[PDB]
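Single-structure report; data block below.
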Amino acid sequence: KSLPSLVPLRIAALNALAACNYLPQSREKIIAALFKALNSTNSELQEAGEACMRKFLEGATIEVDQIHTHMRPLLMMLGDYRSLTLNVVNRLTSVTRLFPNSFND
């Protein structure tokens, strides 16, 4: 209740989640949590949100299905131009910078 921002606590939690890559059974969940943070509207969380995902991928791997399912909301607002914004475009470039093969022509 006394945290000015509460962001620093969230940031470090992802890193603890990311370091848990070596456990396979956990991957099904921590992957989902990372992606939700990866899409977090908070830009500072977004920056570390994708950075932690990179650390997780070093000790694990990600397929198209999880990307497609997790990033599904991102593809929803792709119909209308005005849906994109300062951070949404940042999220788009952030997601493609890793596992780039997800997106195509």
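Chain identifiers are assigned as A, B, and so on, following the order in which chains appear in the structure tokens; residues are numbered from 1 within each chain, and ligands are numbered from 1 in order of appearance.
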
Practice task
Write out as number ranges by chain each polymer residue whose atoms come within 9 Å of residue 60 (chain A), counting only C-alpha atoms; drop sequence neighbours fewer than 2 positions from it.
Solution key: A: 21-22, 24, 27, 55-58, 62

Exercise for the section: Give the alpha helix (DSSP H) residues of chain A, as DSSP finds them on the backbone, and put them as a ChimeraX atom specification. Expected result: /A:7-19,24-38,43-59,64-70,72-76,86-96

Practice task
Please provide the set of residues having any atom within 7 Å of region 87-98 of chain A, restricted to only C-alpha atoms, with same-chain residues fewer than 4 positions apart removed, written as a list in words.
Solution key: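 Residues meeting the cut-off are residues 39, 41, 43 and 50 of chain A.
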
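CA of residue 101 (chain A) to CA of residue 46 (chain A) spans 20.8 Å [interatomic distance, one decimal].
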
Problem - Contacts of residue 28 (chain A) at 12 Å (only C-alpha atoms; same-chain gap of 6+ positions) as number ranges by chain - result: A: 17, 20-21, 34-35, 60-63, 65-66, 70
